[PDB]
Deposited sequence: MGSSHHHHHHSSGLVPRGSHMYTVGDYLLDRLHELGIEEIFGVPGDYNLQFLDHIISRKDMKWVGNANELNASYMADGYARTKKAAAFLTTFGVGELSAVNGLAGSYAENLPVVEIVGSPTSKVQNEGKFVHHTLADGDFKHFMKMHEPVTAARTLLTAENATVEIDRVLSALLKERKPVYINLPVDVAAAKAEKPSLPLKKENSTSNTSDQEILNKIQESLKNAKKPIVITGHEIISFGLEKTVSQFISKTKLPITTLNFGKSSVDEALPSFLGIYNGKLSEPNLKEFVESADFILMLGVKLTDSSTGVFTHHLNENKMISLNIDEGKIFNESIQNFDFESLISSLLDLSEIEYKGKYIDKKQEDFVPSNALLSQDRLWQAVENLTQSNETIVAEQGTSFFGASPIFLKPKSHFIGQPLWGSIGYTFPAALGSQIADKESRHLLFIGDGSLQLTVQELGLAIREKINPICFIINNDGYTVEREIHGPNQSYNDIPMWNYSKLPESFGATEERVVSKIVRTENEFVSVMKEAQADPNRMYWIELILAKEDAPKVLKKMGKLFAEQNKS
């Protein structure tokens, strides 16, 4: 018998979702039976709901849609920081919240996971600022309301929220019969882009996170490969293009950019900015020089043609229509590439040498995931090899995000080897999903930067203050504690450059096990970029 629950799961299938994350509770168990029963969809239960929301976000970055299931009140409020991060960085995540029967809600009963005030609407209201759309389903409205909020997910690629009462999930439904000025405005915009690109001596394309949101990376890469246009990205939307393309210049990060890149971008006679938002961590704390007078910018929500706002266009089809532009070919030069061989010594591992080694040793078909801290500042500038991706969260910047997110992205694409760089202080927030990693038998390479506390915080304020210290776990021993054998997870401790090179190669050569690699770094050691960034953060926070 086909139910409202089955209608919702059919629509999630249509979005490309093959795994649902989350945590059970009595208000969602009956719905959960319908996930278990489906051949085309797998329940992947998390230890906690914050982790589920991070994991769904990571999944969405790779699969280009995601869903997780929570219980009313305690589940959804545990996950709201993850949904806020999906809203900030524009990932298409559906949160399903199982709620009490409409009878219990209508009677205002003082049931578990409420404030005992008979009000079942507080928690949906609290989601208003971090959802593109939200609904409390009834038997009557269910199929239309499901389709309205998932259509908002398709239009905006921002998160949405479905409150699913137990009885409403179980109610009868019918399978969907339909799939989930502007065009003239789209054409005027395309014509102006074509004309600016035709006439430009030194154009620069800048792509950002909204390209990733819509799954447009391969479209951008096809566009840049055919046209030979110079391209840069911010660290917000890193891997929005294939970084191995010859016209990829590197990561523009305001005054912290490599000088040749900085000179090229800031001297360009035309800027085409696609899906970019300029944030403190992505602009060297607002030290960028991007002249709007010589810019066409396109975003999901709005655009700017040489400083004139435009509103009525379709972002996705406009980007796709760049592949139709004829008579576009850049004939000029790019910038110097000087990549050195990394030659290890027995020297103690240092931040600058670590990121040199990672850049040298990364392979094609990898996804690099980097946590806020030394890892993001060290890894974000690295040139990726072909067929590769990057996950980082520089705008929301929620530490711990990257561990469940890496696992969710790894589940989304089994054929991309995930390399996670996470700090000791960040791993402590989300460590419990090591249980899920073991159960799912996924094989990411996980590097823990053990520098005895919060080095990025030490670099901003209070380098010797006790609040920057954390309890030192035995990080390499965690897999065994969480139930792994050496047949599943290989643990390592690394102290030297020689060890780092040996262990990274060993891990990459063994795609059939998860690697759990504890890196020992000095608490005083920060990558060259973070040395400068820490003082710019402190200035931004000057009292």
{"property": "Ranges missing from the model, given as deposited sequence positions", "result": "1-20, 201-205"}
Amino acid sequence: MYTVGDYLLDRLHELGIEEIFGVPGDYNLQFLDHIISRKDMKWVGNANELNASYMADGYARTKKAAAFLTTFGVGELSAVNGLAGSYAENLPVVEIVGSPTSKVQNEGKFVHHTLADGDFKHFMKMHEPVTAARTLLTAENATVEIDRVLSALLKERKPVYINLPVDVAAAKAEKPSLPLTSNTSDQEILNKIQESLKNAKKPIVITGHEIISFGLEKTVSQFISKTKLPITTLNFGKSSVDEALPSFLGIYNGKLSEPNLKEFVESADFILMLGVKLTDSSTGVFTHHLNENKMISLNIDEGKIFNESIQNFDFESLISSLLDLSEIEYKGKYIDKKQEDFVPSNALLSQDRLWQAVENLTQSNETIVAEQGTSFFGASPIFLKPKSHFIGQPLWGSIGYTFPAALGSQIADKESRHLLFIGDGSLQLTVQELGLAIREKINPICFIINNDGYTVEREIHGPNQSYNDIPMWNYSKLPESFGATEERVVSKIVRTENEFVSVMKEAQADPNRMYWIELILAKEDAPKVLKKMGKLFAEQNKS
From here on, numbers count along this sequence of modelled residues.
query: Selected stretch [higher average CA B-factor]: 287-295 or 460-468; finding: 287-295
query: Mean C-alpha B-factor comparison - 309-317 and 204-212, higher one; finding: 309-317
query: Candidate residues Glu371, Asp452, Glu440, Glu415, the one whose C-alpha B factor the record puts highest; finding: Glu415
query: Residue with highest C-alpha B-factor in the PDB entry, from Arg353, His112, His127, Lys175; finding: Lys175
query: Position of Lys523 among the chain's modelled residues by C-alpha B-factor, lowest, middle or highest third; finding: lowest
query: Position of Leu530 among the chain's modelled residues by C-alpha B-factor, lowest, middle or highest third; finding: highest
query: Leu420 - which third its CA temperature factor falls in, relative to the rest of the chain; finding: lowest
query: Position of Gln194 among the chain's modelled residues by C-alpha B-factor, lowest, middle or highest third; finding: highest
query: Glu49 CA temperature factor, ranked by third within the chain; finding: lowest
